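Don't worry about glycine lacking a Cβ; one is built from the backbone with ideal geometry, like all the others, and counts go over all protein chains shown. Bear in mind that the values in this text are calculations on the coordinates, not laboratory data.
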Amino acid sequence: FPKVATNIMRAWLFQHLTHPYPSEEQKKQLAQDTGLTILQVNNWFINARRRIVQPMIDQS
DNA sequence: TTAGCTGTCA
DNA sequence: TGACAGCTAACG
């Protein structure tokens, strides 16, 4: 929900459109850089992939 | 058994 | 768009 939390999560995503699956090291590092919880970080990407990444694939 | 994906509500 | 119950794939 934090406006900042979105930005930090958006960057890594588009910085890894081919491998949008972070590691346990990056998951916590994102959580610390956002203050969110691990579960919050986990769910965000899973939603982001099918709402940000996948739609662009369809357009190709 | 855990990471990830689908379906889905407020 | 952030939640989580439920199903699915990579026997210890």
Within the range A:18-60, of all residues that are near DNA strand C (Cβ under 9 Å from one of its atoms) and outside any helix (DSSP H, G or I), the one surrounded by the most Cβ atoms within 10 Å (Cβ to Cβ) is A:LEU36
Within the range A:1-17, residues loosely packed, with under 10 Cβ neighbours inside 10 Å and among the basic types (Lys, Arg) come out as A:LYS3
